[PDB]
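Containing mmCIF, C-alpha atoms and all ligand atoms: work-v1.cif.
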data_upload
#
loop_
_atom_site.label_atom_id
_atom_site.label_comp_id
_atom_site.auth_asym_id
_atom_site.auth_seq_id
_atom_site.Cartn_x
_atom_site.Cartn_y
_atom_site.Cartn_z
CA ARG A 1 5.21 6.76 22.99
CA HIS A 2 6.23 7.12 19.33
CA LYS A 3 8.45 4.06 18.93
CA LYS A 4 9.06 2.67 15.48
CA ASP B 144 -20.57 -8.17 30.25
CA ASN B 145 -19.51 -4.67 29.13
CA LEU B 146 -21.07 -1.25 28.57
CA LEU B 147 -19.98 -1.11 24.94
CA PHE B 148 -22.09 -2.52 22.15
CA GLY B 149 -19.46 -2.30 19.44
CA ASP B 150 -21.10 0.37 17.31
CA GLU B 151 -19.58 3.29 19.16
CA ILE B 152 -17.24 5.64 17.36
CA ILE B 153 -13.98 6.40 19.13
CA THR B 154 -13.00 10.06 18.96
CA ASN B 155 -9.74 11.73 19.96
CA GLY B 156 -9.27 15.45 19.30
CA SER B 174 -28.44 3.22 8.48
CA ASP B 175 -27.34 5.97 10.90
CA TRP B 176 -29.89 8.79 11.16
CA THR B 177 -29.43 9.35 14.91
CA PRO B 178 -25.96 9.94 16.40
CA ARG B 179 -23.95 6.93 17.58
CA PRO B 180 -22.44 7.10 21.06
CA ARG B 181 -18.97 8.65 21.29
CA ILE B 182 -16.18 7.38 23.55
CA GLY B 183 -12.64 8.50 24.25
CA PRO B 184 -9.86 6.02 23.49
CA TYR B 185 -8.95 5.94 27.19
CA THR B 186 -12.57 5.35 28.19
CA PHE B 187 -12.83 2.62 25.53
CA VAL B 188 -9.68 0.81 26.66
CA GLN B 189 -10.84 1.28 30.28
CA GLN B 190 -14.00 -0.62 29.47
CA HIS B 191 -12.11 -3.39 27.73
CA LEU B 192 -9.81 -3.72 30.72
CA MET B 193 -12.86 -4.13 32.95
CA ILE B 194 -13.91 -7.04 30.75
CA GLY B 195 -10.33 -8.31 30.63
CA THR B 196 -10.23 -8.63 26.82
CA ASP B 197 -6.97 -9.64 25.14
CA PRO B 198 -5.31 -6.54 23.62
CA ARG B 199 -4.00 -8.64 20.72
CA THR B 200 -7.65 -8.89 19.62
CA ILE B 201 -8.30 -5.16 19.37
CA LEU B 202 -4.87 -4.82 17.80
CA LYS B 203 -5.92 -7.33 15.13
CA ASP B 204 -9.15 -5.38 14.55
CA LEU B 205 -7.33 -2.10 14.05
CA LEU B 206 -4.42 -3.65 12.16
CA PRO B 207 -5.60 -6.94 10.64
CA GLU B 208 -2.51 -7.45 8.49
CA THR B 209 0.08 -7.68 11.29
CA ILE B 210 0.77 -9.59 14.47
CA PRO B 211 2.45 -7.94 17.47
CA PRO B 212 5.72 -9.64 18.51
CA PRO B 213 5.20 -11.93 21.52
CA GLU B 214 7.70 -10.07 23.67
CA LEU B 215 5.07 -7.40 24.11
CA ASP B 216 3.58 -7.09 27.57
CA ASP B 217 -0.19 -6.54 27.57
CA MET B 218 0.02 -2.97 28.95
CA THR B 219 2.38 -1.99 26.16
CA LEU B 220 -0.09 -3.37 23.63
CA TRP B 221 -2.80 -1.28 25.23
CA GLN B 222 -0.57 1.80 24.91
CA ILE B 223 -0.21 0.93 21.22
CA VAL B 224 -4.00 0.67 20.90
CA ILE B 225 -4.50 4.07 22.55
CA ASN B 226 -1.90 5.38 20.12
CA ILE B 227 -3.67 3.98 17.09
CA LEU B 228 -7.03 5.26 18.35
CA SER B 229 -5.52 8.72 18.89
CA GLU B 230 -4.03 9.10 15.41
CA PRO B 231 -5.00 12.16 13.32
CA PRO B 232 -7.83 12.22 10.76
CA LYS B 233 -6.82 11.12 7.25
CA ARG B 234 -6.74 13.79 4.57
CA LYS B 235 -9.55 14.33 2.07
CA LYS B 236 -8.20 14.46 -1.51
CA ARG B 237 -8.04 17.96 -2.90
CA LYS B 238 -10.21 18.02 -6.05
CA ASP B 239 -8.44 21.11 -7.42
CA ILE B 240 -5.39 19.01 -8.15
CA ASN B 241 -5.67 15.89 -10.33
CA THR B 242 -3.33 15.79 -13.32
CA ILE B 243 0.38 15.30 -13.87
CA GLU B 244 0.23 18.77 -15.41
CA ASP B 245 -1.15 20.08 -12.12
CA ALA B 246 1.67 18.18 -10.45
CA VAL B 247 4.45 19.86 -12.43
CA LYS B 248 2.79 23.23 -11.92
CA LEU B 249 3.02 22.51 -8.19
CA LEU B 250 6.64 21.38 -8.38
CA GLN B 251 7.43 24.69 -10.01
CA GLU B 252 5.34 27.09 -7.94
CA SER B 253 6.19 25.45 -4.60
CA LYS B 254 8.92 26.88 -2.39
CA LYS B 255 9.04 24.65 0.71
CA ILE B 256 8.72 21.06 -0.48
CA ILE B 257 8.86 18.05 1.82
CA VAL B 258 9.98 14.83 0.22
CA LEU B 259 9.21 11.58 1.98
CA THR B 260 11.20 8.67 0.57
CA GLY B 261 11.39 4.93 1.02
CA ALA B 262 13.20 1.99 -0.55
CA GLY B 263 11.76 2.89 -3.95
CA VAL B 264 14.46 5.51 -4.47
CA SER B 265 17.21 2.90 -4.05
CA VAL B 266 15.77 0.21 -6.36
CA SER B 267 17.90 1.18 -9.34
CA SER B 268 20.91 1.27 -6.99
CA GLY B 269 21.23 -2.49 -6.60
CA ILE B 270 20.50 -2.87 -2.89
CA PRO B 271 19.18 -6.41 -2.16
CA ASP B 272 15.68 -6.71 -0.68
CA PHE B 273 16.28 -7.21 3.02
CA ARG B 274 12.57 -6.65 3.48
CA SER B 275 11.37 -9.52 1.33
CA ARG B 276 11.23 -13.20 2.24
CA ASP B 277 13.23 -14.48 -0.72
CA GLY B 278 16.14 -12.07 -0.50
CA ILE B 279 18.90 -12.26 2.08
CA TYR B 280 16.28 -13.59 4.46
CA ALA B 281 16.20 -16.96 2.65
CA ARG B 282 19.81 -17.96 3.38
CA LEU B 283 19.74 -16.20 6.75
CA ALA B 284 16.63 -18.12 7.85
CA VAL B 285 18.27 -21.30 6.67
CA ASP B 286 21.28 -20.49 8.87
CA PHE B 287 19.25 -19.10 11.80
CA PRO B 288 15.85 -20.85 12.01
CA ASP B 289 14.92 -18.74 15.03
CA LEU B 290 14.20 -15.81 12.72
CA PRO B 291 10.42 -15.57 12.00
CA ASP B 292 10.51 -12.99 9.21
CA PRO B 293 12.76 -10.34 7.56
CA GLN B 294 11.62 -7.64 9.97
CA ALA B 295 13.00 -9.64 12.89
CA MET B 296 16.40 -8.88 11.38
CA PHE B 297 15.79 -5.35 12.68
CA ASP B 298 14.02 -6.30 15.91
CA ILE B 299 15.90 -4.85 18.87
CA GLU B 300 14.98 -7.69 21.19
CA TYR B 301 16.15 -10.36 18.76
CA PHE B 302 19.34 -8.38 18.15
CA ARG B 303 19.95 -8.37 21.88
CA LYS B 304 19.29 -12.12 21.92
CA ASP B 305 21.49 -12.89 18.88
CA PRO B 306 23.07 -10.22 16.68
CA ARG B 307 24.63 -12.84 14.41
CA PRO B 308 21.98 -12.75 11.66
CA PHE B 309 22.09 -8.96 11.52
CA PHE B 310 25.87 -8.96 10.94
CA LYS B 311 25.85 -11.98 8.62
CA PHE B 312 23.59 -9.62 6.69
CA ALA B 313 25.24 -6.29 7.46
CA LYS B 314 28.07 -6.42 4.93
CA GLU B 315 25.52 -7.00 2.16
CA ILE B 316 24.00 -3.54 2.46
CA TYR B 317 26.92 -1.54 3.85
CA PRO B 318 27.30 2.12 2.63
CA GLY B 319 30.47 1.66 0.58
CA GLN B 320 29.24 0.12 -2.69
CA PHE B 321 26.05 1.67 -4.03
CA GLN B 322 25.29 4.57 -6.33
CA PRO B 323 22.53 7.21 -6.11
CA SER B 324 19.43 6.97 -8.31
CA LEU B 325 17.75 9.50 -10.56
CA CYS B 326 15.48 10.14 -7.59
CA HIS B 327 18.33 10.96 -5.23
CA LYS B 328 19.83 13.26 -7.85
CA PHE B 329 16.46 14.92 -8.40
CA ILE B 330 16.00 15.59 -4.69
CA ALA B 331 19.55 16.86 -4.38
CA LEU B 332 18.95 19.19 -7.29
CA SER B 333 15.75 20.53 -5.72
CA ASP B 334 17.90 21.16 -2.67
CA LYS B 335 20.51 23.07 -4.66
CA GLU B 336 17.73 25.19 -6.12
CA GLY B 337 16.63 25.72 -2.52
CA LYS B 338 13.07 24.50 -2.94
CA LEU B 339 13.61 21.44 -0.74
CA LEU B 340 12.30 22.06 2.76
CA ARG B 341 13.35 18.60 3.91
CA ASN B 342 13.87 15.07 2.68
CA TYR B 343 12.57 12.60 5.23
CA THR B 344 13.97 9.20 4.29
CA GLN B 345 13.28 5.82 5.83
CA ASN B 346 16.26 4.39 4.03
CA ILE B 347 19.40 3.40 5.89
CA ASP B 348 21.62 3.20 2.81
CA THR B 349 22.97 6.72 3.36
CA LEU B 350 22.69 7.39 -0.37
CA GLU B 351 20.88 10.68 0.26
CA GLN B 352 24.18 12.04 1.57
CA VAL B 353 26.25 10.55 -1.25
CA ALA B 354 23.94 12.24 -3.74
CA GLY B 355 24.63 15.52 -1.97
CA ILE B 356 21.26 16.26 -0.42
CA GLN B 357 21.90 18.70 2.41
CA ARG B 358 18.57 18.96 4.23
CA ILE B 359 17.97 15.29 5.05
CA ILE B 360 16.38 13.64 8.07
CA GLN B 361 17.07 9.94 8.34
CA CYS B 362 13.93 8.83 10.18
CA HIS B 363 15.11 5.30 10.82
CA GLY B 364 18.79 6.11 11.29
CA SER B 365 21.63 4.88 9.07
CA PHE B 366 24.91 2.90 9.06
CA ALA B 367 26.77 6.22 9.43
CA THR B 368 27.69 5.46 13.05
CA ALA B 369 27.64 2.57 15.50
CA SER B 370 27.18 2.68 19.24
CA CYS B 371 27.66 0.25 22.12
CA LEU B 372 24.44 -1.18 23.59
CA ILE B 373 25.54 -0.33 27.11
CA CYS B 374 27.92 2.61 27.43
CA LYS B 375 26.70 4.42 24.28
CA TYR B 376 30.23 4.75 22.85
CA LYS B 377 29.88 6.15 19.30
CA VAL B 378 32.18 5.30 16.37
CA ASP B 379 32.22 5.93 12.61
CA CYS B 380 31.05 3.32 10.11
CA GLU B 381 34.68 2.92 9.07
CA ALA B 382 35.58 1.86 12.62
CA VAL B 383 33.28 -1.17 12.45
CA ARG B 384 33.50 -1.93 8.70
CA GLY B 385 36.40 -4.30 9.34
CA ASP B 386 34.60 -6.60 11.79
CA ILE B 387 31.44 -6.42 9.71
CA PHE B 388 33.07 -7.50 6.45
CA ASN B 389 34.78 -10.39 8.19
CA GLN B 390 31.39 -11.23 9.72
CA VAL B 391 32.46 -10.72 13.32
CA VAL B 392 30.13 -9.12 15.84
CA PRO B 393 31.94 -5.82 16.55
CA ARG B 394 32.55 -5.37 20.27
CA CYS B 395 32.88 -2.31 22.48
CA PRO B 396 36.38 -0.95 23.38
CA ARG B 397 35.54 0.40 26.88
CA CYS B 398 33.24 -2.29 28.19
CA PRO B 399 34.79 -5.21 30.08
CA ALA B 400 35.12 -8.32 27.93
CA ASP B 401 33.07 -10.40 30.39
CA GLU B 402 30.00 -8.37 29.42
CA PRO B 403 28.32 -9.97 26.32
CA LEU B 404 25.84 -7.26 25.31
CA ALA B 405 28.73 -4.85 24.75
CA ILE B 406 28.10 -4.73 21.03
CA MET B 407 28.63 -1.93 18.54
CA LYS B 408 25.11 -1.62 17.13
CA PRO B 409 24.78 0.61 14.04
CA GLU B 410 22.52 3.58 14.72
CA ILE B 411 19.55 2.55 12.65
CA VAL B 412 16.20 2.69 14.42
CA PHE B 413 15.30 -0.91 15.17
CA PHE B 414 11.69 -1.96 15.67
CA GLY B 415 10.62 -1.00 19.17
CA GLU B 416 13.11 1.83 19.41
CA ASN B 417 12.44 5.58 19.58
CA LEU B 418 13.14 7.62 16.44
CA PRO B 419 15.92 10.28 16.70
CA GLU B 420 14.87 13.53 18.39
CA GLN B 421 16.21 15.44 15.40
CA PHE B 422 13.35 13.85 13.46
CA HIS B 423 10.59 14.93 15.84
CA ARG B 424 12.12 18.40 16.00
CA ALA B 425 12.26 18.67 12.22
CA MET B 426 8.64 17.51 11.92
CA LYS B 427 7.39 19.99 14.51
CA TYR B 428 9.08 22.76 12.55
CA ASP B 429 8.31 21.72 8.96
CA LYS B 430 4.74 20.95 10.01
CA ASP B 431 3.57 24.53 9.35
CA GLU B 432 5.96 25.59 6.59
CA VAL B 433 5.62 22.99 3.84
CA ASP B 434 3.62 24.00 0.76
CA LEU B 435 3.94 20.67 -1.06
CA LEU B 436 4.29 17.11 0.17
CA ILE B 437 5.69 14.42 -2.08
CA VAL B 438 5.87 10.77 -1.11
CA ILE B 439 8.32 8.84 -3.27
CA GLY B 440 8.95 5.12 -3.23
CA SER B 441 7.30 4.31 0.08
CA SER B 442 4.05 2.53 0.77
CA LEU B 443 3.99 3.93 4.32
CA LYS B 444 3.34 0.79 6.37
CA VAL B 445 5.53 1.56 9.39
CA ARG B 446 4.53 4.09 12.08
CA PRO B 447 5.09 6.80 13.15
CA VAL B 448 6.58 7.86 9.81
CA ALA B 449 3.45 6.66 7.99
CA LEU B 450 1.56 9.22 10.04
CA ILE B 451 3.33 12.22 8.48
CA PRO B 452 0.95 12.79 5.53
CA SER B 453 -1.95 13.00 8.00
CA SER B 454 0.03 15.34 10.26
CA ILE B 455 0.48 18.36 7.98
CA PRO B 456 -2.27 20.92 7.12
CA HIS B 457 -4.80 19.24 4.83
CA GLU B 458 -4.93 22.08 2.28
CA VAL B 459 -1.29 21.41 1.32
CA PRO B 460 -1.34 19.41 -1.94
CA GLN B 461 0.12 15.90 -1.75
CA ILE B 462 1.63 13.91 -4.58
CA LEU B 463 2.33 10.19 -4.68
CA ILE B 464 5.10 8.50 -6.66
CA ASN B 465 5.09 4.79 -5.82
CA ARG B 466 4.89 1.36 -7.45
CA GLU B 467 1.48 0.86 -5.84
CA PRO B 468 -1.35 3.10 -4.63
CA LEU B 469 -1.83 3.61 -0.91
CA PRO B 470 -5.23 2.31 0.26
CA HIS B 471 -5.01 3.95 3.65
CA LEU B 472 -4.15 7.35 2.15
CA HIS B 473 -5.66 9.90 -0.25
CA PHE B 474 -3.25 11.75 -2.52
CA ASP B 475 -4.24 14.44 -5.02
CA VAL B 476 -2.17 13.03 -7.86
CA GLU B 477 -1.05 9.43 -8.09
CA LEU B 478 1.83 8.44 -10.30
CA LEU B 479 2.10 4.65 -10.11
CA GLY B 480 5.16 2.91 -11.50
CA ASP B 481 8.90 2.60 -11.13
CA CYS B 482 10.19 5.68 -9.34
CA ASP B 483 13.12 6.50 -11.64
CA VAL B 484 10.85 6.30 -14.70
CA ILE B 485 8.29 8.72 -13.25
CA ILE B 486 11.03 11.04 -12.00
CA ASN B 487 12.61 11.02 -15.46
CA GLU B 488 9.25 12.01 -16.96
CA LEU B 489 8.91 14.84 -14.48
CA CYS B 490 12.46 16.01 -15.29
CA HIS B 491 11.63 16.18 -18.98
CA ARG B 492 8.56 18.23 -18.14
CA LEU B 493 10.54 20.49 -15.80
CA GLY B 494 13.35 21.45 -18.15
CA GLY B 495 16.52 23.14 -16.93
CA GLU B 496 19.03 21.24 -14.83
CA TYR B 497 16.32 18.65 -14.15
CA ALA B 498 16.32 17.45 -17.79
CA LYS B 499 20.15 17.37 -17.64
CA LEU B 500 20.04 15.02 -14.63
CA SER B 501 21.33 11.52 -15.37
CA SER B 502 24.60 9.62 -15.69
CA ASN B 503 22.99 6.18 -15.92
CA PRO B 504 20.35 6.59 -18.67
CA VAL B 505 21.75 3.55 -20.46
CA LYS B 506 19.01 1.69 -18.59
CA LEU B 507 16.25 4.29 -19.02
CA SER B 508 16.56 4.05 -22.81
CA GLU B 509 15.14 0.52 -22.91
CA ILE B 510 12.32 1.33 -20.48
CA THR B 511 9.06 2.78 -21.84
CA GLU B 512 8.72 6.54 -21.62
CA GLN B 641 4.98 6.20 -21.96
CA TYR B 642 2.21 6.10 -19.39
CA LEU B 643 -1.55 5.70 -19.30
CA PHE B 644 -3.82 8.29 -17.68
CA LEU B 645 -6.74 6.95 -15.65
CA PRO B 646 -8.92 9.98 -14.70
CA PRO B 647 -9.06 11.87 -12.65
CA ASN B 648 -5.95 11.06 -10.59
CA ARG B 649 -4.13 7.97 -11.73
CA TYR B 650 -1.20 7.56 -14.11
CA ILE B 651 0.23 4.14 -14.79
CA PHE B 652 3.89 3.92 -15.73
CA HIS B 653 6.28 1.07 -16.39
CA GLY B 654 7.20 -0.95 -13.33
CA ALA B 655 3.83 -0.27 -11.74
CA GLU B 656 2.08 -3.14 -10.04
CA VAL B 657 -1.47 -2.95 -8.82
CA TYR B 658 -1.49 -6.76 -8.52
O1 LIG C 701 3.69 3.69 22.16
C1 LIG C 701 4.43 2.62 21.65
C2 LIG C 701 4.72 2.58 20.30
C3 LIG C 701 5.45 1.52 19.79
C4 LIG C 701 5.90 0.51 20.62
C5 LIG C 701 6.71 -0.61 20.03
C6 LIG C 701 6.64 -1.88 20.47
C7 LIG C 701 7.54 -2.90 19.81
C8 LIG C 701 8.47 -3.61 20.56
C9 LIG C 701 9.28 -4.54 19.94
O2 LIG C 701 10.22 -5.28 20.69
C10 LIG C 701 9.18 -4.76 18.58
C11 LIG C 701 8.26 -4.04 17.83
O3 LIG C 701 8.15 -4.26 16.45
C12 LIG C 701 7.44 -3.11 18.45
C13 LIG C 701 5.61 0.55 21.97
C14 LIG C 701 4.88 1.61 22.48
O1 LIG C 702 1.57 -5.13 16.37
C1 LIG C 702 1.91 -3.77 16.38
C2 LIG C 702 3.06 -3.35 17.03
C3 LIG C 702 3.39 -2.00 17.04
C4 LIG C 702 2.59 -1.07 16.40
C5 LIG C 702 2.96 0.39 16.42
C6 LIG C 702 1.99 1.32 16.49
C7 LIG C 702 2.28 2.80 16.58
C8 LIG C 702 1.22 3.69 16.46
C9 LIG C 702 1.42 5.05 16.54
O2 LIG C 702 0.34 5.94 16.42
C10 LIG C 702 2.70 5.54 16.74
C11 LIG C 702 3.76 4.67 16.86
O3 LIG C 702 5.05 5.21 17.06
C12 LIG C 702 3.56 3.30 16.78
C13 LIG C 702 1.44 -1.49 15.75
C14 LIG C 702 1.10 -2.84 15.75
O1 LIG C 703 3.20 -2.77 8.28
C1 LIG C 703 4.17 -3.50 9.00
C2 LIG C 703 4.90 -2.88 10.00
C3 LIG C 703 5.85 -3.59 10.71
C4 LIG C 703 6.09 -4.93 10.43
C5 LIG C 703 7.14 -5.70 11.20
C6 LIG C 703 6.81 -6.47 12.25
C7 LIG C 703 7.84 -7.18 13.11
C8 LIG C 703 8.13 -8.51 12.87
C9 LIG C 703 9.05 -9.18 13.65
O2 LIG C 703 9.36 -10.53 13.40
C10 LIG C 703 9.68 -8.52 14.69
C11 LIG C 703 9.38 -7.19 14.94
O3 LIG C 703 10.02 -6.53 16.00
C12 LIG C 703 8.46 -6.52 14.15
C13 LIG C 703 5.37 -5.55 9.42
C14 LIG C 703 4.41 -4.84 8.71
ZN ZN C 704 30.59 -0.37 26.05
#
structure tokens encoding of this file:
Amino acid sequence: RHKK
Amino acid sequence: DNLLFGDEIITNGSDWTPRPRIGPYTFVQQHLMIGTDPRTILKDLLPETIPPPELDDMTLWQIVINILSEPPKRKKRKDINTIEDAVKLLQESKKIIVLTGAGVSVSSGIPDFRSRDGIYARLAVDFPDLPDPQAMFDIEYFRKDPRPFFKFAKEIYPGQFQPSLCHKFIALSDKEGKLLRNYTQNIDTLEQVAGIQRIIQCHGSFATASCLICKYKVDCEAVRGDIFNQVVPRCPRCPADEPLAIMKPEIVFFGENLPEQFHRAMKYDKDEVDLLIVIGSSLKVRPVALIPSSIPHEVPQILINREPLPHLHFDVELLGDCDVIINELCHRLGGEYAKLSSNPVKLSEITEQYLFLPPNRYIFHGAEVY
């Protein structure tokens, strides 16, 4: 869920 | 119509009576029931940026729930205000986290591949499909056509650039063992060249390349040849018939996960750091931009950037060119810090002086609050  | 009135406040984990409170999931639920376009809410939360069109609606909603779930921003600590206070912190502190961005490589001569007049000008001319500089690092576009990225690659490759005062400063704080970690968003690999040992390269680097399909890793020196001849470097194992068999440098493209070493390091350093210092980064890209809000709020935070950060509250703000400010801090620190440069032939024609704007602000040369 923490994509750049 | 919907249940929401627009005045609700969305919590995660004149107004004299309490406003209603909704969860981000409940909120988005509601908006689904109306069938509202996620791009809208995305533009309300982040007005300054448009989501790439290759984003399915559900993804966008996941991004909205993300944004809505982000931690509370930090209230500025009123104990700490002055550059004096700042140096006192840099001396007393024992586990310092340094967050860097392109501002620590300015003096190093690396072209702006983030601006629209830099490499992007000629590249856009040659590839009119490219919307903006950031598309140069978009994973989907790279898949579609890696040509612009490699027409550009040789321009910023790790062989021909020298560390800045900032790099040297960080490296020295690491020698002295005060550096808990240097999170960098730079992909120039200069942190290594400057001899920093505890680095985390949040967006990757050119250090290795890896096939898009079979994940075959190679050194930067394996691909350097193809890159400097401007040929898209192909995979050794993959059958030639397969076109997406490309050796893509391991920098975190937009839309890609960050390395797990990063998340690990953050989960650890989260409760150990006693001083946070942001240097040369305006913190526009997530999730890295979230870091200052992610550590305990009582930990003092210091900013060293060309511009203030509107979306963030630091205790002490040093605004100007990074190397200038770092130099100043060296002179105030004494010891090996004062001894620290090998290119001060360019710091001797740049003002040493600054202007203090109480209680927090210091304006140095190379600042721009334009
Ligand atoms: O939770 C999430 C966090 C981030 C993202 C990223 C989406 C994305 C996809 C792209 O092709 C380009 C881009 O700039 C961003 C998706 C989900
Ligand atoms: O148009 C946009 C496309 C992508 C994004 C990314 C948002 C985001 C938010 C987080 O809390 C974490 C994260 O890893 C990514 C924002 C706007
Ligand atoms: O604060 C900001 C954060 C990210 C960006 C980049 C957006 C972007 C633009 C593209 O053409 C493709 C892409 O995949 C992403 C711009 C501003
Ligand atoms: Zn392969």
Using the file's own x, y and z axes, so that the box edges lie along x, y and z, what centre and edge lengths in Å (one decimal) does a box around every listed atom of ligand LIG 702 (chain C) get when 3 Å is added on each side? Give it as lines of an AutoDock Vina configuration file.
center_x = 2.7
center_y = 0.4
center_z = 16.4
size_x = 10.7
size_y = 17.1
size_z = 7.3
Where does chain B meet chain A within 7 Å, residue by residue, with the nearest atom pair and distance in Å to one decimal for each, counting all atoms listed in the file, listed by chain and rising number, as JSON lines?
{"residue": "B:414", "atom": "CA", "partner": "A:4", "partner_atom": "CA", "distance": 5.3}
{"residue": "B:415", "atom": "CA", "partner": "A:4", "partner_atom": "CA", "distance": 5.4}
{"residue": "B:416", "atom": "CA", "partner": "A:3", "partner_atom": "CA", "distance": 5.2}
{"residue": "B:417", "atom": "CA", "partner": "A:3", "partner_atom": "CA", "distance": 4.3}
{"residue": "B:418", "atom": "CA", "partner": "A:3", "partner_atom": "CA", "distance": 6.4}
{"residue": "B:446", "atom": "CA", "partner": "A:4", "partner_atom": "CA", "distance": 5.8}
{"residue": "B:447", "atom": "CA", "partner": "A:4", "partner_atom": "CA", "distance": 6.2}
Output file for the selection above: C-alpha atoms, as a PDB file, in the coordinates of the input:
ATOM      1  CA  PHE B 414      11.690  -1.960  15.670  1.00  0.00           C
ATOM      2  CA  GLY B 415      10.620  -1.000  19.170  1.00  0.00           C
ATOM      3  CA  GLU B 416      13.110   1.830  19.410  1.00  0.00           C
ATOM      4  CA  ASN B 417      12.440   5.580  19.580  1.00  0.00           C
ATOM      5  CA  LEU B 418      13.140   7.620  16.440  1.00  0.00           C
ATOM      6  CA  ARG B 446       4.530   4.090  12.080  1.00  0.00           C
ATOM      7  CA  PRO B 447       5.090   6.800  13.150  1.00  0.00           C
TER       8      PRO B 447
END
* **From B:430, B:338, B:466, B:499, residue lying nearest residue 653 of chain B [all atoms listed in the file]** =>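 Result for the nearest residue to residue 653 of chain B: B:466.
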* **Atom pair atom CA of residue 428 of chain B / atom CA of residue 351 of chain B: separation (Å)** =>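 About the pair atom CA of residue 428 of chain B and atom CA of residue 351 of chain B: they are 20.9 Å apart.
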* Output the neighbourhood of ligand LIG 703 (chain C) as a ChimeraX atom specification, that is, all protein and nucleic acid residues with some atom at most 8 Å from the ligand, counting only C-alpha atoms and all ligand atoms. => /B:208-212,290-301,413-415,443-446
Store the residues of this selection in a file with C-alpha atoms, as a tab-separated table (two decimals), in the coordinates of the input.
chain	number	residue	atom	x	y	z
B	208	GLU	CA	-2.51	-7.45	8.49
B	209	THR	CA	0.08	-7.68	11.29
B	210	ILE	CA	0.77	-9.59	14.47
B	211	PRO	CA	2.45	-7.94	17.47
B	212	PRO	CA	5.72	-9.64	18.51
B	290	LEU	CA	14.20	-15.81	12.72
B	291	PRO	CA	10.42	-15.57	12.00
B	292	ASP	CA	10.51	-12.99	9.21
B	293	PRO	CA	12.76	-10.34	7.56
B	294	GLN	CA	11.62	-7.64	9.97
B	295	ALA	CA	13.00	-9.64	12.89
B	296	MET	CA	16.40	-8.88	11.38
B	297	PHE	CA	15.79	-5.35	12.68
B	298	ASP	CA	14.02	-6.30	15.91
B	299	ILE	CA	15.90	-4.85	18.87
B	300	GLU	CA	14.98	-7.69	21.19
B	301	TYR	CA	16.15	-10.36	18.76
B	413	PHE	CA	15.30	-0.91	15.17
B	414	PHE	CA	11.69	-1.96	15.67
B	415	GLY	CA	10.62	-1.00	19.17
B	443	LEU	CA	3.99	3.93	4.32
B	444	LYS	CA	3.34	0.79	6.37
B	445	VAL	CA	5.53	1.56	9.39
B	446	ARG	CA	4.53	4.09	12.08
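Distances here use only C-alpha atoms and all ligand atoms; by that measure, the residue among B:423, B:491, B:237, B:335 closest to ligand LIG 702 (chain C) is B:423.
Put simply, atom CA of residue 282 of chain B is 14.8 Å away from atom CA of residue 390 of chain B.
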* Structure fact -> What separates atom CA of residue 489 of chain B and atom CA of residue 247 of chain B is a distance of 7.0 Å
* Asked: Can you list, as a PyMOL selection string, every protein, DNA or RNA residue that comes within 10 Å of residue 504 of chain B when you count only C-alpha atoms, leaving out same-chain residues fewer than 4 positions away?
  -> chain B and resi 325+487+500+508-510
Test item: residues no farther than 8 Å from ligand ZN 704 (chain C), counting all atoms listed in the file, as a compact mmCIF listing (two decimals) with C-alpha atoms, in the frame of the given file:
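Final output, saved to pocket-v7.txt:
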# COMPACT_ATOMS: atom_id res chain seq x y z
CA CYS B 371 27.66 0.25 22.12
CA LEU B 372 24.44 -1.18 23.59
CA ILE B 373 25.54 -0.33 27.11
CA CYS B 374 27.92 2.61 27.43
CA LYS B 375 26.70 4.42 24.28
CA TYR B 376 30.23 4.75 22.85
CA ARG B 394 32.55 -5.37 20.27
CA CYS B 395 32.88 -2.31 22.48
CA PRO B 396 36.38 -0.95 23.38
CA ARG B 397 35.54 0.40 26.88
CA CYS B 398 33.24 -2.29 28.19
CA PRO B 399 34.79 -5.21 30.08
CA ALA B 405 28.73 -4.85 24.75
CA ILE B 406 28.10 -4.73 21.03
CA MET B 407 28.63 -1.93 18.54
* Using only C-alpha atoms and all ligand atoms, which of B:195, B:213, B:149, B:180 sits nearest ligand LIG 701 (chain C)? ->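 The shortest atom-to-atom distance to ligand LIG 701 (chain C) comes from B:213.
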* Asked: Restricting the calculation to all atoms listed in the file, which member of B:453, B:242, B:421, B:352 is positioned closest to ligand LIG 702 (chain C)?
  -> B:453
* **Non-local contacts of residue 379 of chain B (10 Å; all atoms listed in the file; under 4 positions in same chain excluded) as an MDAnalysis selection string** => chainID B and resid 366:370 383:384 409
